[PDB]
Novice: 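Have a look at this one.
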Amino acid sequence: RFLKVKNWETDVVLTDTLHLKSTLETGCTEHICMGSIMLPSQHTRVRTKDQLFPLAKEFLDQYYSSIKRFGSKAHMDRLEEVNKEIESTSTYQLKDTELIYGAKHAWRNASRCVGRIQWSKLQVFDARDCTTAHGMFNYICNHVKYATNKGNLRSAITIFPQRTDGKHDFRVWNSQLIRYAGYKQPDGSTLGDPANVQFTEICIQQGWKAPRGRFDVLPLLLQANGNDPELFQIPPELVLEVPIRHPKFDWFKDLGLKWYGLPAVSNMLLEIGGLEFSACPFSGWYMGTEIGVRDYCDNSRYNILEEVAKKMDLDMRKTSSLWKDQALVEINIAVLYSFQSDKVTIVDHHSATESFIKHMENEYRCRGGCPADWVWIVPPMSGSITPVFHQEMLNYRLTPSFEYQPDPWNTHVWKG
Amino acid sequence: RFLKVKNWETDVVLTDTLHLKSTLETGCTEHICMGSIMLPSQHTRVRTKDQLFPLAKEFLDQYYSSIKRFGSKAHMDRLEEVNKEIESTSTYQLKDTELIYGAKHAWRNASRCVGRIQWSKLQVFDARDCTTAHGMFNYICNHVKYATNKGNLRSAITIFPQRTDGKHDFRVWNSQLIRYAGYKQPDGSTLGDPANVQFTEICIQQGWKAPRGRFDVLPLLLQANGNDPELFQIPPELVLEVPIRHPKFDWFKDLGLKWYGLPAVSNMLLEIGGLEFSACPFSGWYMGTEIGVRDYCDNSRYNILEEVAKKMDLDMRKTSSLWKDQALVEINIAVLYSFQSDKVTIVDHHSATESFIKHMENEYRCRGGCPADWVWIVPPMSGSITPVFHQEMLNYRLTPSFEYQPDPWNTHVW
Ligand code: HEM
Ligand code: HEM
Ligand SMILES: Cc1cc(N)nc(CCc2cc(CC[C@H]3CCCN3C)cc(F)c2F)c1
Ligand SMILES: Cc1cc(N)nc(CCc2cc(CC[C@H]3CCCN3C)cc(F)c2F)c1
Ligand SMILES: C[C@H](O)[C@H](O)[C@H]1CNc2nc(N)[nH]c(=O)c2N1
Ligand SMILES: C[C@H](O)[C@H](O)[C@H]1CNc2nc(N)[nH]c(=O)c2N1
Ligand SMILES: [Zn+2]
């Protein structure tokens, strides 16, 4: 059965056959669409030998198809070798090749990621020999340094050992490798990034000495082999930051804003052939609106719209002056200007959405489809003047995949 | 099965039980979300005697529930009376009360409509006695004049006779009562409104004399009882228009832009209790972005962005200057400024989306939920600085409903 999607701006129609290879569930039914549910139970992540070999077999079938070896003796022996290793040890180990393929395809399958044109150029760092939080710190430092590359960012992922009985997990307790602290003041106001208050408090409790600034880079909190997590300061010379200035407004620098250059998601779960990699930091480079629109302007984040609008001297009385929209654009121009001026890799939302359309069309032709979450692909500003707004998209889940998982501080059994 | 929706800007969580009353289908499955498909086969639309009575019962049941007379004599009496009429006539007729309720609730159930906080204040015009396109024209002029109200816009719907055997359909061939013409130029491009080029052809191609200007109000093309449709020009004094100027850029007025005040959708099908009202033009008032973002700036529409950015002397060399975004805001500032200045009702996207959150709150409290289509509720600019962006919404199809229907010219046994 075939399915068509139409671009209502260009009338291009594309036929999805890839959705037939969909295993996991969306969250929707014939009678309810959960398309805007943020983290439905299906996107979040204790797995026995019973269901594991089918998951292994399908991954390996995919893998050997991509390398044009489906049904080869190499393919059959690997299936055999995996089968016996599962029944003998209740799990199995991916070869290096399989790990690299898995990690790339997980990104390729990330239906919410507008950045996927880049999916084949992923630097995969195998940290499966890691055993301690200190060893995790070292792997993450090398990741950050390689990825940052003095501003010329390179996509990378570092893969720590897979889950076994779920009692010995490797977890990075930070949502992202580099994030600013947030402090709840007694007067109710927040200093720093309000999204990080809960995490900041954990770090402080774990012994972090907080400078209590507006842009304190948080320490790494690292759990190895299911042990209690341990604090580590990322070396400051490894955290590349960009002071934010505006190309026409000289008063903008005096807002004291900066942001880090390396977006690196560290709290997601990488699933490859039934194996669960609970610690798999990955990184790329920023789309400008992630900082300019969400980080700075969300009411529940730094929320500088008011101050920026005040300094532009906009009509802030009625909303219908669109003072909020006017300031948002200027803040986002500044983010882009500052990164480009400092030669830190960044993409504006127009370029990124156009690229994703090309990627998506290419994927329908070479792959039979491209799963895409419209709710997430459309940028959080100027949506309809980017070409993804007008693009019908089919959302379905392929594996390998990145899944959410509960924050470890809610599931961890503390040792002491 | 008793579902929760979370707002991520406020942590407010609502429990939806209304979705359990859902009847029609979404187009999604457990394996695939079609939440971004414009027109799945369900949202588009003869009824047999067996299908019609359950549809009527369900509608009448909710109707008599809403008037606190469920399980009453009048309820059972009406139930049997409609039951008798179906068995006899293979259809039935709504009492005016049920018609008004049906219309208001088709709006209330429109999961893609952000303006539904107003749903109960709908002015329903019963046009079921209409028999001719001239008659249809008269009802539509009365609708337009009532709805416009000298710029103090009022919601209205006018309901023409229901479908019978699909051979006697009433249809308004226009997609909106008021739309600008679109003509393809000999030199390649498109003059006026490119969305309307085929229809603008069918008008000329059926007798219209086109001014071939850039903002020509299209004529009405009215089809009664399945006959060939007829051309009628809306009296210009009924078409309230706003010249678009900017409160900072005096050159803005020289762009020659204007828009009409009355958004009046005329091509949808209104379904009440299994009955199909194929001609049911309805109208309210604009959210600013509908004109400024979509009408003026879509590349498949008036696409004035490049011209406006030029006049602002923005750096259009690279997309990273965000000149498109900068101009988009200015254009939308101007639309709001103009409508407000001329005292024509308009809501900005910040005001309308806040209203819709309040409406959601109201519906979850007093009804148990509110079906909503995030892909359509989120404005086409500044999405995340509006509250609806961070609002989880459940989308499901309730009836009475507005549905899409095939364009008449594809269908009309000419
Ligand atoms: C290289 C440049 C990249 C850009 C510009 C980019 C952009 C984005 C953006 C804007 C989002 C929306 C999420 C949000 O707004 O919070 C997203 C989501 C996502 N990205 Fe990418 N990304 C990039 C690289 C990567 C890489 C290297 C990976 C993994 C290997 C990745 C995996 C994902 C995933 C899994 C999501 C889903 C988030 C979720 O489900 O919550 N991205 N990306
Ligand atoms: C009173 C002010 C109103 C406002 C501000 C408003 C706003 C909107 C907007 C912005 C959309 C998105 C569609 C698009 O972008 O083209 C929409 C859709 C819709 N509106 Fe409302 N609307 C209003 C009144 C009404 C009324 C009076 C009705 C009928 C009684 C109605 C029924 C609908 C329906 C059915 C849709 C979606 C059509 C579909 O399913 O694709 N609206 N509205
Ligand atoms: C590699 C990379 C490049 C890039 N340009 N941007 C990113 C960040 C995108 C992103 C964001 C989130 C959580 C945000 C959600 C979770 C709950 C609250 N927030 C709304 C998870 C992800 F996996 C992810 F990729 C990553
Ligand atoms: C009464 C009213 C008030 C108001 N502020 N705006 C409107 C117009 C919005 C609208 C648009 C459409 C279809 C347009 C679709 C079809 C394919 C291309 N377009 C995406 C149907 C509707 F029912 C509708 F209301 C009406
Ligand atoms: C493909 C996609 O469904 C299409 O562009 C939709 C997206 N959301 C929309 N939302 C509104 N309000 N109006 C629209 O026309 C659209 N178009
Ligand atoms: C409720 C809604 O799903 C939620 O706010 C989503 C919507 N789309 C998004 N899209 C992106 N890129 N990032 C986000 O955080 C969100 N949040
Ligand atoms: Zn869905």
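Start at 1 and go down the list; that is how both ligands and their atoms are numbered. Chain letters run A, B, ... following the sequence lines, proteins first and then strands; every chain starts at 1.
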Novice: Any donor-acceptor pair under 3.5 Å linking the side-chain atoms of A:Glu403 with those of A:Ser401?
Specialist: yes
Novice: Give me the nearest non-hydrogen protein atom to atom 24 (C) of ligand 2 as residue plus atom name, then the distance to 0.1 Å.
Specialist: B:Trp107 CZ2, 3.4 Å
Novice: Look at atom CD of B:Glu241 and say whether more than 12 heavy atoms of other residues, nucleotides or ligands are closer to it than 6.0 Å.
Specialist: yes
Novice: With rounding to the nearest 0.5 Å, note down the distance linking CG in A:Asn7 to OG in B:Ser300.
Specialist: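 Separation between the atoms: 8.5 Å.
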Novice: Can you name the atoms of ligand 2, numbered from 1 with element, that are less than 4.0 Å from a heavy atom of B:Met287?
Specialist: 10 (C)
Novice: Quick one: which of B:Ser355, B:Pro263, B:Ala110, B:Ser401 has a heavy atom closest to atom 34 (C) of ligand 2?
Specialist: B:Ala110
Novice: Okay, side chain of B:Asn174, backbone of B:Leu221: is any donor-acceptor separation there less than 3.5 Å?
Specialist: yes
Novice: Compute whether any side-chain donor of one residue and acceptor of the other, for B:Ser278 and B:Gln405, lie under 3.5 angstrom apart.
Specialist: no
Novice: Which residue from B:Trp285, B:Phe282, B:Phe356, B:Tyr286 reaches closest to atom 32 (C) of ligand 2 through any of its heavy atoms?
Specialist: B:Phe282
Novice: Ring pair (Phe, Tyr, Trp, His ring centres under 6.0 Å), that's the test. Do B:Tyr180 and B:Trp259 meet it? Break it down for me.
Specialist: CA-CA 9 Å; B:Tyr180 295 119; B:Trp259 207 251; 5.0 Å; yes
Novice: Side chain, backbone, both or neither: which applies to B:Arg116 and ligand 2 if a contact is any heavy-atom pair less than 4.0 Å apart?
Specialist: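 Looking at B:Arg116 and ligand 2, no heavy atom falls under 4.0 Å.
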Novice: Between B:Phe277 and B:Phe170, does the ring centre distance come in under 6.0 Å?
Specialist: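 Aromatic pair excluded; centres sit 6.0 Å or further apart.
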Novice: Select one of side chain, backbone, both or neither to describe which atoms of B:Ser283 lie under 4.0 Å from any atom of ligand 2, heavy atoms only.
Specialist: backbone
Novice: Are A:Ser351 and A:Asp348 close enough that a side-chain donor and a side-chain acceptor fall under 3.5 Å?
Specialist: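 Per modelled atom types, A:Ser351 and A:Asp348 side chains form a pair under 3.5 Å.
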Novice: Does the pair A:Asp193 and A:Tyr302 meet the rule for a side-chain hydrogen bond (donor to acceptor under 3.5 Å, both in side chains), with working shown?
Specialist: CA-CA 6 Å; A:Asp193 195 334; A:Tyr302 277 81; 4.6 Å; no
Novice: Looking at B:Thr26 and A:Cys33, what are the two nearest heavy atoms and their distance?
Specialist: CG2-N, 4.0 Å
Novice: For ligand 2, note which part of B:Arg112 has a heavy atom under 4.0 Å away: side chain, backbone, both or neither.
Specialist: both
Novice: In this structure, does ligand 2 have an atom that sits under 4.0 Å from one of the heavy atoms of B:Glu290?
Specialist: yes
Novice: Between B:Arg128 and B:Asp96, is there a salt bridge with N-O shorter than 4.0 Å?
Specialist: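 Looking at B:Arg128 together with B:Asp96, the answer is yes, because their closest N to O distance falls below 4.0 Å.
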Novice: Would one find more than 12 heavy atoms of other residues, nucleotides or ligands at under 6.0 Å from atom NZ of B:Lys6?
Specialist: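 Yes, the 6.0 Å shell around NZ holds more than 12 heavy atoms from other groups.
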Novice: For residues B:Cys297 and B:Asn303, report the shortest heavy-atom separation together with the two atoms involved.
Specialist: O-OD1, 3.8 Å
Novice: Any protein heavy atom under 4.0 Å from atom 15 (O) of ligand 2?
Specialist: no
Novice: Between ligand 4 and the protein, find all N/O pairs closer than 3.5 Å and give the distance for each.
Specialist:
| from | atom 1 | to | atom 2 | distance (Å) |
| --- | --- | --- | --- | --- |
| ligand 4 | 5 (N) | B:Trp285 | O | 2.7 |
| ligand 4 | 5 (N) | B:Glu290 | OE2 | 2.7 |
| ligand 4 | 6 (N) | B:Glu290 | OE1 | 2.7 |
| ligand 4 | 6 (N) | B:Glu290 | OE2 | 3.3 |

Novice: Does a donor on one side chain and an acceptor on the other come within less than 3.5 Å for A:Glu392 and A:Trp8?
Specialist: yes
Novice: Could you tell me whether the side chain of A:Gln118 and the main chain of A:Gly115 form a donor-acceptor pair under 3.5 Å?
Specialist: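 No: the side chain of A:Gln118 does not pair with the backbone of A:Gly115.
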Novice: Run through ligand 6 for me and note each protein residue having a heavy atom under 4.0 Å from it, chain first, then residue number.
Specialist: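 Residues near ligand 6: A:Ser36, A:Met38, A:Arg294, A:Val375, A:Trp376, B:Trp374, B:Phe389, B:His390, B:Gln391, B:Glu392.
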Novice: Suppose I only count heavy atoms of B:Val114 and a 4.0 Å limit; which atoms of ligand 2 are within that range?
Specialist: 7 (C), 10 (C)
Novice: Between B:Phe402, B:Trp376, B:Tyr404, which one has a non-hydrogen atom sitting closest to atom 38 (C) of ligand 2?
Specialist: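 The option holding the nearest heavy atom is B:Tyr404.
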Novice: What protein heavy atom lies closest to atom 20 (N) of ligand 2? Include the residue and the distance to one decimal.
Specialist: B:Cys113 CB, 3.3 Å
Novice: Under 4.0 Å from a heavy atom of B:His43: which atoms of ligand 2 are those, numbered in the order shown and with their elements?
Specialist: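 Result: 39 (C), 40 (O).
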Novice: Any luck finding a side-chain donor-acceptor pair between A:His349 and A:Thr289 under 3.5 Å?
Specialist: no
